[PDB]
file structure_2.txt (compact mmCIF, C-alpha atoms and all ligand atoms)
# COMPACT_ATOMS: atom_id res chain seq x y z
CA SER A 67 0.00 0.00 0.00
CA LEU A 68 1.20 3.46 -1.02
CA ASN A 69 2.79 5.76 1.56
CA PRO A 70 1.92 9.45 0.97
CA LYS A 71 5.23 10.58 2.52
CA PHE A 72 7.03 9.72 -0.74
CA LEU A 73 4.85 12.03 -2.85
CA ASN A 74 6.28 15.48 -3.45
CA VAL A 75 4.18 18.66 -3.12
CA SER A 76 2.78 18.65 -6.67
CA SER A 77 1.89 14.96 -6.70
CA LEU A 78 0.26 15.29 -3.29
CA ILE A 79 -1.78 18.20 -4.71
CA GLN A 80 -2.80 16.25 -7.84
CA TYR A 81 -3.79 13.33 -5.61
CA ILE A 82 -5.89 15.53 -3.28
CA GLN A 83 -7.68 17.10 -6.22
CA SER A 84 -8.55 13.71 -7.77
CA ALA A 85 -9.30 11.70 -4.62
CA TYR A 86 -10.95 14.49 -2.57
CA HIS A 87 -11.89 17.84 -4.20
CA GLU A 88 -13.73 16.56 -7.31
CA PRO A 89 -15.58 13.69 -5.56
CA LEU A 90 -16.53 16.22 -2.84
CA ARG A 91 -18.09 18.63 -5.36
CA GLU A 92 -19.97 15.74 -6.97
CA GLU A 93 -21.27 14.34 -3.67
CA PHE A 94 -22.45 17.85 -2.69
CA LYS A 95 -24.40 18.21 -5.94
CA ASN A 96 -25.95 14.77 -5.45
CA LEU A 97 -26.67 14.95 -1.72
CA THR A 98 -28.05 18.47 -1.10
CA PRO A 99 -31.55 17.74 -2.62
CA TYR A 100 -31.98 14.93 -0.08
CA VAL A 101 -30.97 17.07 2.90
CA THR A 102 -33.44 19.68 1.68
CA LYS A 103 -36.22 17.10 1.27
CA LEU A 104 -35.60 15.60 4.72
CA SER A 105 -35.80 19.09 6.23
CA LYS A 106 -38.96 20.04 4.32
CA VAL A 107 -40.81 16.80 5.11
CA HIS A 108 -39.81 15.97 8.70
CA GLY A 109 -38.41 19.30 9.93
CA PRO A 110 -41.84 20.46 11.15
CA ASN A 111 -42.06 17.41 13.42
CA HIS A 112 -38.32 17.49 14.28
CA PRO A 113 -36.69 20.97 14.35
CA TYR A 114 -33.15 19.62 14.73
CA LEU A 115 -33.47 18.41 11.12
CA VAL A 116 -33.94 22.05 10.02
CA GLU A 117 -30.87 22.98 12.04
CA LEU A 118 -29.17 20.08 10.24
CA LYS A 119 -30.08 21.49 6.84
CA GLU A 120 -28.64 24.89 7.75
CA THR A 121 -25.48 23.44 9.31
CA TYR A 122 -25.02 21.22 6.27
CA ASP A 123 -25.48 24.18 3.89
CA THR A 124 -22.94 26.25 5.82
CA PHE A 125 -20.54 23.29 5.84
CA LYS A 126 -20.99 22.81 2.09
CA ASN A 127 -20.59 26.47 1.11
CA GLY A 128 -17.50 26.76 3.28
CA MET A 129 -15.92 23.66 1.78
CA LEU A 130 -16.64 24.73 -1.80
CA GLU A 131 -15.19 28.21 -1.26
CA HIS A 132 -12.19 26.66 0.52
CA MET A 133 -11.47 24.14 -2.26
CA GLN A 134 -11.77 26.87 -4.89
CA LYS A 135 -9.26 28.98 -2.95
CA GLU A 136 -6.91 25.99 -2.70
CA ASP A 137 -7.24 25.01 -6.38
CA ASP A 138 -7.02 28.52 -7.82
CA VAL A 139 -4.63 30.51 -5.57
CA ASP A 140 -3.00 28.58 -2.72
CA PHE A 141 -2.04 25.12 -4.03
CA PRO A 142 -0.21 26.83 -6.94
CA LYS A 143 1.60 28.94 -4.32
CA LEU A 144 2.76 25.80 -2.50
CA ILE A 145 4.00 24.39 -5.83
CA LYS A 146 5.89 27.62 -6.63
CA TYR A 147 7.46 27.54 -3.16
CA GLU A 148 8.55 23.91 -3.62
CA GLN A 149 10.25 24.85 -6.92
CA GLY A 150 12.38 27.57 -5.30
CA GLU A 151 10.47 30.75 -6.13
CA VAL A 152 10.01 33.44 -3.50
CA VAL A 153 6.63 33.12 -1.81
CA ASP A 154 5.75 35.56 0.91
CA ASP A 155 2.38 34.91 2.53
CA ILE A 156 3.39 31.23 2.58
CA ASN A 157 2.76 30.99 6.32
CA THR A 158 -0.17 33.37 5.88
CA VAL A 159 -1.53 30.88 3.31
CA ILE A 160 -0.89 27.88 5.56
CA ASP A 161 -2.47 29.58 8.57
CA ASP A 162 -5.61 30.57 6.69
CA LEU A 163 -6.00 27.03 5.33
CA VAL A 164 -5.53 25.56 8.82
CA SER A 165 -8.14 28.03 10.17
CA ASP A 166 -10.56 26.92 7.44
CA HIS A 167 -9.99 23.24 8.34
CA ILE A 168 -10.61 23.89 12.04
CA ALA A 169 -13.91 25.61 11.17
CA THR A 170 -14.96 22.74 8.89
CA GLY A 171 -14.12 20.22 11.62
CA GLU A 172 -16.28 21.98 14.19
CA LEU A 173 -19.18 22.01 11.72
CA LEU A 174 -18.77 18.22 11.33
CA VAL A 175 -18.79 17.86 15.13
CA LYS A 176 -22.03 19.87 15.20
CA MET A 177 -23.74 17.87 12.42
CA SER A 178 -22.83 14.63 14.19
CA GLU A 179 -24.15 16.00 17.49
CA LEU A 180 -27.40 17.09 15.81
CA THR A 181 -27.99 13.58 14.45
CA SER A 182 -26.95 11.70 17.69
CA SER A 183 -23.83 10.56 15.94
CA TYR A 184 -25.59 9.35 12.86
CA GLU A 185 -28.25 7.24 14.55
CA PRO A 186 -31.73 7.63 13.01
CA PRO A 187 -34.82 7.18 15.21
CA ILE A 188 -37.12 4.23 14.56
CA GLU A 189 -39.55 6.79 13.06
CA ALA A 190 -37.04 7.21 10.20
CA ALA A 191 -37.50 5.64 6.78
CA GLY A 192 -35.78 5.87 3.41
CA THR A 193 -34.62 9.40 2.68
CA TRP A 194 -33.82 9.93 6.38
CA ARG A 195 -31.55 6.87 6.66
CA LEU A 196 -29.93 7.67 3.30
CA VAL A 197 -29.03 11.19 4.45
CA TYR A 198 -27.56 9.89 7.71
CA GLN A 199 -25.36 7.27 6.00
CA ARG A 200 -24.15 9.71 3.35
CA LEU A 201 -23.38 12.41 5.95
CA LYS A 202 -21.37 9.91 8.01
CA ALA A 203 -19.42 8.86 4.89
CA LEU A 204 -18.83 12.51 3.99
CA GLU A 205 -17.45 13.06 7.48
CA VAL A 206 -15.02 10.11 7.22
CA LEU A 207 -13.84 11.28 3.80
CA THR A 208 -13.42 14.90 4.98
CA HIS A 209 -11.40 13.77 8.02
CA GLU A 210 -9.01 11.78 5.79
CA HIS A 211 -8.80 14.68 3.31
CA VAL A 212 -7.93 17.44 5.79
CA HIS A 213 -5.62 15.11 7.72
CA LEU A 214 -3.67 14.51 4.50
CA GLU A 215 -3.40 18.26 3.93
CA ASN A 216 -2.57 19.30 7.51
CA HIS A 217 -0.07 16.60 8.45
CA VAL A 218 1.56 15.73 5.09
CA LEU A 219 1.12 18.50 2.51
CA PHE A 220 1.56 21.48 4.83
CA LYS A 221 4.49 19.89 6.71
CA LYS A 222 6.40 19.49 3.41
CA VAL A 223 6.37 23.29 2.90
CA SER A 224 6.74 24.56 6.48
CA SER B 67 -2.53 5.01 2.45
CA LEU B 68 -2.94 6.08 -1.19
CA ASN B 69 -5.27 4.55 -3.73
CA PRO B 70 -3.25 4.46 -6.98
CA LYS B 71 -6.26 4.96 -9.24
CA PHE B 72 -6.21 8.65 -8.20
CA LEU B 73 -2.54 9.12 -9.06
CA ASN B 74 -2.08 10.07 -12.69
CA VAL B 75 0.90 8.74 -14.66
CA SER B 76 3.19 11.64 -13.77
CA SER B 77 2.51 11.39 -10.03
CA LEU B 78 2.81 7.58 -9.92
CA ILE B 79 6.17 7.87 -11.69
CA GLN B 80 7.31 10.47 -9.13
CA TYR B 81 6.14 8.10 -6.38
CA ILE B 82 8.13 5.17 -7.81
CA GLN B 83 11.21 7.36 -8.15
CA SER B 84 11.09 8.45 -4.50
CA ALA B 85 9.99 5.12 -2.99
CA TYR B 86 12.00 2.63 -5.07
CA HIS B 87 14.62 4.08 -7.46
CA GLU B 88 16.48 6.49 -5.17
CA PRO B 89 16.40 4.14 -2.11
CA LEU B 90 17.58 1.28 -4.33
CA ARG B 91 20.58 3.29 -5.60
CA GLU B 92 21.45 4.19 -2.01
CA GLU B 93 21.19 0.58 -0.89
CA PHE B 94 23.41 -0.63 -3.77
CA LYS B 95 26.04 1.91 -2.73
CA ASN B 96 25.92 0.76 0.88
CA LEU B 97 25.57 -3.01 0.39
CA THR B 98 28.14 -3.73 -2.38
CA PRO B 99 31.21 -3.43 -0.08
CA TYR B 100 29.73 -6.12 2.19
CA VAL B 101 29.08 -8.52 -0.71
CA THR B 102 32.62 -7.99 -1.98
CA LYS B 103 34.07 -8.62 1.48
CA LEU B 104 32.00 -11.79 1.97
CA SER B 105 33.19 -13.24 -1.35
CA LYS B 106 36.81 -12.21 -0.69
CA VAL B 107 37.07 -13.65 2.85
CA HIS B 108 34.90 -16.76 2.50
CA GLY B 109 34.67 -17.20 -1.27
CA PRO B 110 37.84 -19.32 -1.61
CA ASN B 111 36.46 -22.13 0.56
CA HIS B 112 32.83 -21.42 -0.48
CA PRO B 113 32.73 -20.83 -4.24
CA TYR B 114 28.98 -20.27 -4.34
CA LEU B 115 29.74 -17.00 -2.51
CA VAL B 116 31.89 -15.95 -5.51
CA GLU B 117 29.07 -16.89 -7.86
CA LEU B 118 26.76 -14.87 -5.54
CA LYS B 119 29.04 -11.84 -5.79
CA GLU B 120 29.08 -12.05 -9.60
CA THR B 121 25.31 -12.61 -9.80
CA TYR B 122 24.62 -9.74 -7.43
CA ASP B 123 26.92 -7.48 -9.45
CA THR B 124 25.13 -8.39 -12.67
CA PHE B 125 21.70 -7.92 -11.09
CA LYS B 126 22.81 -4.57 -9.62
CA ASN B 127 24.33 -3.11 -12.79
CA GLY B 128 21.30 -4.23 -14.79
CA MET B 129 19.02 -2.53 -12.26
CA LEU B 130 21.03 0.70 -12.32
CA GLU B 131 21.12 0.85 -16.16
CA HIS B 132 17.38 -0.06 -16.28
CA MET B 133 16.37 2.67 -13.79
CA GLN B 134 18.49 5.18 -15.69
CA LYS B 135 16.65 4.24 -18.88
CA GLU B 136 13.25 4.68 -17.20
CA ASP B 137 14.10 8.01 -15.51
CA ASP B 138 15.83 9.64 -18.48
CA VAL B 139 14.11 8.24 -21.60
CA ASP B 140 11.11 5.96 -21.02
CA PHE B 141 9.08 7.35 -18.10
CA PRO B 142 8.97 10.81 -19.81
CA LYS B 143 7.51 9.05 -22.86
CA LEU B 144 4.81 7.45 -20.69
CA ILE B 145 3.96 10.91 -19.35
CA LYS B 146 3.84 12.39 -22.87
CA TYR B 147 1.53 9.58 -24.01
CA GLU B 148 -0.76 10.29 -21.02
CA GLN B 149 -0.77 13.96 -22.13
CA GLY B 150 -1.90 13.20 -25.70
CA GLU B 151 1.37 13.89 -27.55
CA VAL B 152 2.36 11.40 -30.25
CA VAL B 153 4.51 8.55 -28.92
CA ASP B 154 4.37 5.95 -31.65
CA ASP B 155 6.81 3.57 -29.88
CA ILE B 156 4.89 3.25 -26.57
CA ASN B 157 4.30 -0.50 -26.89
CA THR B 158 7.97 -1.14 -27.82
CA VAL B 159 8.96 0.84 -24.71
CA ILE B 160 6.65 -1.12 -22.42
CA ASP B 161 7.79 -4.44 -23.93
CA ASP B 162 11.45 -3.72 -23.33
CA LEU B 163 10.70 -2.61 -19.76
CA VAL B 164 8.72 -5.81 -19.09
CA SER B 165 11.56 -7.93 -20.59
CA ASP B 166 14.06 -6.13 -18.33
CA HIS B 167 11.91 -6.90 -15.27
CA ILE B 168 11.71 -10.55 -16.28
CA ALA B 169 15.49 -10.75 -16.53
CA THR B 170 15.94 -9.11 -13.13
CA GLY B 171 13.39 -11.47 -11.60
CA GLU B 172 15.35 -14.47 -12.88
CA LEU B 173 18.59 -13.04 -11.46
CA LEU B 174 16.76 -12.80 -8.13
CA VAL B 175 15.58 -16.41 -8.21
CA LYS B 176 19.20 -17.39 -8.93
CA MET B 177 20.50 -15.36 -5.96
CA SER B 178 17.85 -16.99 -3.78
CA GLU B 179 18.81 -20.49 -4.95
CA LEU B 180 22.49 -19.84 -4.21
CA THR B 181 21.68 -18.77 -0.64
CA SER B 182 18.98 -21.39 0.10
CA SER B 183 16.44 -18.55 0.32
CA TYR B 184 18.83 -16.29 2.24
CA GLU B 185 19.16 -18.41 5.36
CA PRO B 186 22.77 -18.38 6.57
CA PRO B 187 24.55 -21.56 7.61
CA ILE B 188 25.09 -21.96 11.34
CA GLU B 189 28.84 -21.28 10.95
CA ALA B 190 28.06 -17.91 9.36
CA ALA B 191 28.34 -14.79 11.54
CA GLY B 192 28.61 -11.01 11.19
CA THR B 193 29.08 -9.87 7.58
CA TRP B 194 27.72 -13.14 6.12
CA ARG B 195 24.43 -12.85 8.03
CA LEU B 196 24.20 -9.12 7.26
CA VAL B 197 24.45 -9.78 3.51
CA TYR B 198 21.68 -12.41 3.54
CA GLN B 199 19.33 -10.15 5.55
CA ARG B 200 19.85 -7.18 3.26
CA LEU B 201 19.52 -9.25 0.07
CA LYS B 202 16.32 -10.84 1.38
CA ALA B 203 14.81 -7.40 2.01
CA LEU B 204 16.04 -6.02 -1.30
CA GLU B 205 14.33 -8.90 -3.13
CA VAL B 206 11.08 -8.13 -1.25
CA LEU B 207 11.50 -4.45 -2.14
CA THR B 208 12.23 -5.22 -5.82
CA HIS B 209 9.20 -7.47 -6.26
CA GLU B 210 6.93 -4.66 -4.97
CA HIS B 211 8.69 -2.13 -7.18
CA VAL B 212 8.32 -4.29 -10.31
CA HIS B 213 4.72 -5.19 -9.49
CA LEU B 214 3.74 -1.53 -9.11
CA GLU B 215 5.18 -0.69 -12.52
CA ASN B 216 3.96 -3.79 -14.35
CA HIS B 217 0.42 -3.93 -13.01
CA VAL B 218 -0.42 -0.32 -12.04
CA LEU B 219 1.77 2.10 -14.01
CA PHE B 220 1.94 0.27 -17.37
CA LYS B 221 -1.81 -0.40 -17.32
CA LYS B 222 -2.57 3.35 -17.11
CA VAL B 223 -1.09 3.69 -20.64
CA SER B 224 -1.93 0.34 -22.26
FE FE C 1 -8.76 20.29 0.18
FE FE C 2 -8.14 22.08 2.46
FE FE C 3 11.73 1.08 -11.79
FE FE C 4 11.41 -0.77 -14.02
O O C 5 -9.80 20.79 2.58
O O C 6 12.49 -1.28 -12.27
call {"tool": "encode", "arguments": {"input": "structure_2.txt", "output": "structure tokens"}}
result
Amino acid sequence: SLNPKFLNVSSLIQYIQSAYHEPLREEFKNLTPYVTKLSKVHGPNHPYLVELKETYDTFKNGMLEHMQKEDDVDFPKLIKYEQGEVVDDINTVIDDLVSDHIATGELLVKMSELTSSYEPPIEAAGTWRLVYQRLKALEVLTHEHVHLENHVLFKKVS
Amino acid sequence: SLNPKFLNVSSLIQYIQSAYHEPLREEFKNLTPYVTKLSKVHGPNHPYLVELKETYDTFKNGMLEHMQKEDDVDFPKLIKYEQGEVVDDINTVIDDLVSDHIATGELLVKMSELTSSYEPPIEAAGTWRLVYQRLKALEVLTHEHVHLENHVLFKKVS
């Protein structure tokens, strides 16, 4: 099995973008209608599901803006720094990306708290259980993703 | 641990170069003196150690020339073929690389036969036991190396 420590900065970035950023965008497109439906249908009975929709939307919009910043501005800066060019704001860039990750992590903590980890009541059927499983999988994937960035990619440039 | 289907050709090549090629060159530099000393001290009364020295040398020079060919000429062609440019000898390239790996593999089975699968005789000590340990691990390392190229890297482009 392949050890990410041997990748250099630009391969680690290509890997992140293929394994994490693009599947994340696609899962967001696919999953948001279901979160919205769950809120619309059972939110009146259960107000924590409306809070879940809004926390999920905030989580999603933050992640999309964060991945666009990484793809368009900041990952290219890490690559330039690895090649020997002068990059000021390199620790500014790293610190803002770490701040973004910490915020995303606390939103995941909140979503999981809202759903009692991701345990659906016996009242739940179909769309409800789908949303819970997908949100749990999105949390696992996001944890792996930001751990790769924080403890491998950023350590190679700091 | 990485999933190779998200590494493109360029990144997987960089991976192989950091994880196998450069460590293998370092290990050849460090291990050769010990092989030469084992054959010089114990070779006279144990001629299979002299045969082992000559087989190891052949295996090692073939590996070094083969990795040079991949790094300087053939891996860049795999990357160009991934990137759409015309590389009308790609299959020739892959066939010669596969044939090289076969030849190396057979040199390894020979080295293993000479050493009874790298288990030292009782009367061996020190340098003799060191050489068998290091050769055993270098065979393990080389099989992984060759399997990654043959069955992951070369299948991305053929
Ligand atoms: Fe990211
Ligand atoms: Fe990130
Ligand atoms: Fe190789
Ligand atoms: Fe090779
Ligand atoms: O991220
Ligand atoms: O190789």
call {"tool": "interface_residues", "arguments": {"input": "structure_2.txt", "of": "chain B", "to": "chain A", "cutoff": "7 Å", "atoms": "only C-alpha atoms", "output": "number ranges by chain"}}
result
B: 67-68, 72-73, 77, 80-81, 84-85
call {"tool": "write_last_selection", "arguments": {"input": "structure_2.txt", "atoms": "C-alpha atoms", "output": "mmCIF file, in the coordinates of the input"}}
result
data_model
loop_
_atom_site.group_PDB
_atom_site.id
_atom_site.type_symbol
_atom_site.label_atom_id
_atom_site.label_comp_id
_atom_site.auth_asym_id
_atom_site.auth_seq_id
_atom_site.Cartn_x
_atom_site.Cartn_y
_atom_site.Cartn_z
ATOM 1 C CA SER B 67 -2.530 5.010 2.450
ATOM 2 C CA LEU B 68 -2.940 6.080 -1.190
ATOM 3 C CA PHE B 72 -6.210 8.650 -8.200
ATOM 4 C CA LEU B 73 -2.540 9.120 -9.060
ATOM 5 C CA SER B 77 2.510 11.390 -10.030
ATOM 6 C CA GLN B 80 7.310 10.470 -9.130
ATOM 7 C CA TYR B 81 6.140 8.100 -6.380
ATOM 8 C CA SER B 84 11.090 8.450 -4.500
ATOM 9 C CA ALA B 85 9.990 5.120 -2.990
#
call {"tool": "calpha_fit_and_write", "arguments": {"input": "structure_2.txt", "fixed": "chain A", "moving": "chain B", "output": "compact mmCIF listing (two decimals) with C-alpha atoms, in the coordinates of the input"}}
result
# COMPACT_ATOMS: atom_id res chain seq x y z
CA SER B 67 -0.54 1.54 -1.60
CA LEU B 68 1.55 4.73 -1.91
CA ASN B 69 4.04 6.03 0.59
CA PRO B 70 3.50 9.82 0.63
CA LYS B 71 7.13 10.66 1.36
CA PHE B 72 7.88 9.85 -2.31
CA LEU B 73 5.17 12.15 -3.65
CA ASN B 74 6.46 15.68 -4.10
CA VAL B 75 4.20 18.66 -3.36
CA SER B 76 2.81 18.88 -6.89
CA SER B 77 1.89 15.19 -7.06
CA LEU B 78 0.36 15.09 -3.56
CA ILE B 79 -1.78 18.09 -4.50
CA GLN B 80 -2.91 16.31 -7.69
CA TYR B 81 -3.70 13.25 -5.55
CA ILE B 82 -5.83 15.28 -3.11
CA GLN B 83 -7.66 16.92 -6.00
CA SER B 84 -8.60 13.58 -7.58
CA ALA B 85 -9.29 11.65 -4.36
CA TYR B 86 -11.04 14.29 -2.23
CA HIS B 87 -11.94 17.59 -3.96
CA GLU B 88 -13.65 16.35 -7.13
CA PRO B 89 -15.50 13.45 -5.37
CA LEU B 90 -16.60 15.87 -2.65
CA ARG B 91 -18.07 18.33 -5.19
CA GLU B 92 -19.90 15.44 -6.86
CA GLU B 93 -21.26 14.20 -3.55
CA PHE B 94 -22.48 17.70 -2.57
CA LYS B 95 -24.34 17.91 -5.88
CA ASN B 96 -25.98 14.54 -5.33
CA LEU B 97 -26.70 14.72 -1.59
CA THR B 98 -28.11 18.28 -1.19
CA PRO B 99 -31.55 17.46 -2.70
CA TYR B 100 -31.99 14.70 -0.10
CA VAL B 101 -31.10 17.00 2.82
CA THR B 102 -33.51 19.62 1.52
CA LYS B 103 -36.29 17.05 1.16
CA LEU B 104 -35.70 15.65 4.66
CA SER B 105 -35.94 19.12 6.23
CA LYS B 106 -39.00 20.04 4.13
CA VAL B 107 -41.03 16.88 4.85
CA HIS B 108 -40.02 16.21 8.46
CA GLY B 109 -38.53 19.53 9.55
CA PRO B 110 -41.83 21.08 10.71
CA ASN B 111 -42.36 18.45 13.42
CA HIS B 112 -38.59 17.92 13.93
CA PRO B 113 -36.88 21.33 14.00
CA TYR B 114 -33.41 19.89 14.54
CA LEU B 115 -33.71 18.64 10.94
CA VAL B 116 -34.10 22.29 9.82
CA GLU B 117 -31.06 23.24 11.88
CA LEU B 118 -29.29 20.24 10.25
CA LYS B 119 -30.20 21.50 6.78
CA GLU B 120 -28.85 24.98 7.57
CA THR B 121 -25.69 23.60 9.20
CA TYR B 122 -25.07 21.25 6.30
CA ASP B 123 -25.57 24.10 3.83
CA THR B 124 -23.08 26.27 5.71
CA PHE B 125 -20.56 23.44 5.98
CA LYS B 126 -21.00 22.66 2.26
CA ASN B 127 -20.64 26.22 0.96
CA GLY B 128 -17.62 26.76 3.19
CA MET B 129 -16.06 23.57 1.82
CA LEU B 130 -16.74 24.55 -1.79
CA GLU B 131 -15.31 28.09 -1.35
CA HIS B 132 -12.31 26.64 0.58
CA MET B 133 -11.50 24.04 -2.11
CA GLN B 134 -11.81 26.72 -4.78
CA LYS B 135 -9.30 28.84 -2.86
CA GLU B 136 -6.85 25.92 -2.59
CA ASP B 137 -7.16 24.84 -6.25
CA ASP B 138 -7.01 28.31 -7.81
CA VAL B 139 -4.78 30.40 -5.50
CA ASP B 140 -3.13 28.56 -2.59
CA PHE B 141 -2.04 25.11 -3.80
CA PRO B 142 -0.18 26.73 -6.77
CA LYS B 143 1.68 28.86 -4.21
CA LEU B 144 2.68 25.72 -2.28
CA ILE B 145 4.02 24.26 -5.53
CA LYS B 146 5.94 27.46 -6.34
CA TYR B 147 7.48 27.46 -2.85
CA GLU B 148 8.55 23.82 -3.35
CA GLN B 149 10.16 24.94 -6.64
CA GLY B 150 12.26 27.71 -5.04
CA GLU B 151 10.35 30.76 -6.31
CA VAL B 152 9.71 33.55 -3.81
CA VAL B 153 6.43 33.13 -1.93
CA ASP B 154 6.75 35.48 1.01
CA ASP B 155 3.20 34.79 2.29
CA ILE B 156 3.50 30.98 2.61
CA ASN B 157 2.92 30.91 6.37
CA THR B 158 -0.11 33.25 6.09
CA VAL B 159 -1.51 30.88 3.45
CA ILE B 160 -1.01 27.78 5.59
CA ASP B 161 -2.50 29.52 8.65
CA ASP B 162 -5.67 30.51 6.84
CA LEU B 163 -6.02 26.98 5.43
CA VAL B 164 -5.58 25.46 8.91
CA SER B 165 -8.16 27.92 10.36
CA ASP B 166 -10.61 26.95 7.59
CA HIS B 167 -10.15 23.25 8.43
CA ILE B 168 -10.77 23.98 12.11
CA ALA B 169 -14.02 25.75 11.27
CA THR B 170 -15.17 22.89 9.05
CA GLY B 171 -14.30 20.37 11.76
CA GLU B 172 -16.48 22.25 14.25
CA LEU B 173 -19.37 22.34 11.76
CA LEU B 174 -18.97 18.56 11.51
CA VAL B 175 -19.08 18.03 15.28
CA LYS B 176 -22.26 20.15 15.30
CA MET B 177 -23.86 18.04 12.54
CA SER B 178 -22.92 14.91 14.48
CA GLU B 179 -24.43 16.26 17.71
CA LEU B 180 -27.70 17.12 15.94
CA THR B 181 -28.01 13.57 14.59
CA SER B 182 -26.79 11.70 17.71
CA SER B 183 -23.76 10.55 15.70
CA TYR B 184 -25.83 9.85 12.58
CA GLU B 185 -27.99 7.08 14.00
CA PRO B 186 -31.57 7.46 12.76
CA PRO B 187 -34.53 7.15 15.10
CA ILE B 188 -36.55 3.96 14.73
CA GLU B 189 -39.43 5.88 13.10
CA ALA B 190 -37.06 7.11 10.38
CA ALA B 191 -37.13 5.34 7.00
CA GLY B 192 -36.02 5.88 3.41
CA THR B 193 -34.68 9.40 2.77
CA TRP B 194 -34.00 10.07 6.48
CA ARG B 195 -31.78 6.99 6.83
CA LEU B 196 -30.09 7.71 3.49
CA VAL B 197 -29.09 11.21 4.64
CA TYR B 198 -27.55 9.96 7.90
CA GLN B 199 -25.55 7.23 6.10
CA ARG B 200 -24.17 9.63 3.51
CA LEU B 201 -23.34 12.33 6.07
CA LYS B 202 -21.58 9.77 8.27
CA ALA B 203 -19.40 8.69 5.34
CA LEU B 204 -18.76 12.25 4.21
CA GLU B 205 -17.51 13.12 7.71
CA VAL B 206 -15.16 10.10 7.60
CA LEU B 207 -14.00 11.20 4.14
CA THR B 208 -13.48 14.83 5.25
CA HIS B 209 -11.41 13.91 8.30
CA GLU B 210 -9.03 11.89 6.07
CA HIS B 211 -8.90 14.71 3.54
CA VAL B 212 -8.09 17.34 6.18
CA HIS B 213 -5.57 15.08 7.92
CA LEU B 214 -3.68 14.45 4.67
CA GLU B 215 -3.36 18.17 4.01
CA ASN B 216 -2.61 19.24 7.58
CA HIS B 217 -0.09 16.56 8.50
CA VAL B 218 1.43 15.45 5.16
CA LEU B 219 1.06 18.22 2.57
CA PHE B 220 1.60 21.29 4.79
CA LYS B 221 4.62 19.68 6.47
CA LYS B 222 6.40 19.30 3.10
CA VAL B 223 6.57 23.13 2.93
CA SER B 224 6.84 24.16 6.59
call {"tool": "residues_near_ligand", "arguments": {"input": "structure_2.txt", "ligand": "ligand FE 4 (chain C)", "cutoff": "10 Å", "atoms": "only C-alpha atoms and all ligand atoms", "output": "ChimeraX atom specification"}}
result
/B:82,86-87,129-130,132-137,140-141,160,162-167,170,208,211-216
call {"tool": "write_last_selection", "arguments": {"input": "structure_2.txt", "atoms": "C-alpha atoms", "output": "CSV table (one decimal), in the frame of the given file"}}
result
chain,number,residue,atom,x,y,z
B,82,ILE,CA,8.1,5.2,-7.8
B,86,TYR,CA,12.0,2.6,-5.1
B,87,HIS,CA,14.6,4.1,-7.5
B,129,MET,CA,19.0,-2.5,-12.3
B,130,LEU,CA,21.0,0.7,-12.3
B,132,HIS,CA,17.4,-0.1,-16.3
B,133,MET,CA,16.4,2.7,-13.8
B,134,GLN,CA,18.5,5.2,-15.7
B,135,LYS,CA,16.6,4.2,-18.9
B,136,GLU,CA,13.2,4.7,-17.2
B,137,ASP,CA,14.1,8.0,-15.5
B,140,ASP,CA,11.1,6.0,-21.0
B,141,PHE,CA,9.1,7.4,-18.1
B,160,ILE,CA,6.6,-1.1,-22.4
B,162,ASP,CA,11.4,-3.7,-23.3
B,163,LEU,CA,10.7,-2.6,-19.8
B,164,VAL,CA,8.7,-5.8,-19.1
B,165,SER,CA,11.6,-7.9,-20.6
B,166,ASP,CA,14.1,-6.1,-18.3
B,167,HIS,CA,11.9,-6.9,-15.3
B,170,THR,CA,15.9,-9.1,-13.1
B,208,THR,CA,12.2,-5.2,-5.8
B,211,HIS,CA,8.7,-2.1,-7.2
B,212,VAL,CA,8.3,-4.3,-10.3
B,213,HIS,CA,4.7,-5.2,-9.5
B,214,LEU,CA,3.7,-1.5,-9.1
B,215,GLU,CA,5.2,-0.7,-12.5
B,216,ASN,CA,4.0,-3.8,-14.4
call {"tool": "closest_residue", "arguments": {"input": "structure_2.txt", "among": "B:224, B:131, B:187, B:117", "to": "residue 91 of chain B", "atoms": "all atoms listed in the file"}}
result
B:131
call {"tool": "atom_distance", "arguments": {"input": "structure_2.txt", "atom1": "atom CA of residue 174 of chain A", "atom2": "atom CA of residue 205 of chain A"}}
result
6.6 Å
call {"tool": "atom_distance", "arguments": {"input": "structure_2.txt", "atom1": "atom CA of residue 107 of chain B", "atom2": "atom CA of residue 175 of chain B"}}
result
24.3 Å
call {"tool": "atom_distance", "arguments": {"input": "structure_2.txt", "atom1": "atom CA of residue 168 of chain A", "atom2": "atom CA of residue 150 of chain A"}}
result
29.0 Å
call {"tool": "residues_around", "arguments": {"input": "structure_2.txt", "residues": "residue 114 of chain A", "least_positions_apart": "3", "cutoff": "8 Å", "atoms": "only C-alpha atoms", "output": "MDAnalysis selection string"}}
result
chainID A and resid 109 117:118 180:181
call {"tool": "closest_residue", "arguments": {"input": "structure_2.txt", "among": "A:128, A:176, A:101, A:111", "to": "ligand O 5 (chain C)", "atoms": "only C-alpha atoms and all ligand atoms"}}
result
A:128
call {"tool": "closest_residue", "arguments": {"input": "structure_2.txt", "among": "A:202, A:186, A:195, A:100", "to": "residue 123 of chain A", "atoms": "all atoms listed in the file"}}
result
A:100
call {"tool": "residues_around", "arguments": {"input": "structure_2.txt", "residues": "residue 201 of chain B", "least_positions_apart": "6", "cutoff": "9 Å", "atoms": "all atoms listed in the file", "output": "list in words"}}
result
residues 97, 177, 178 and 184 of chain B
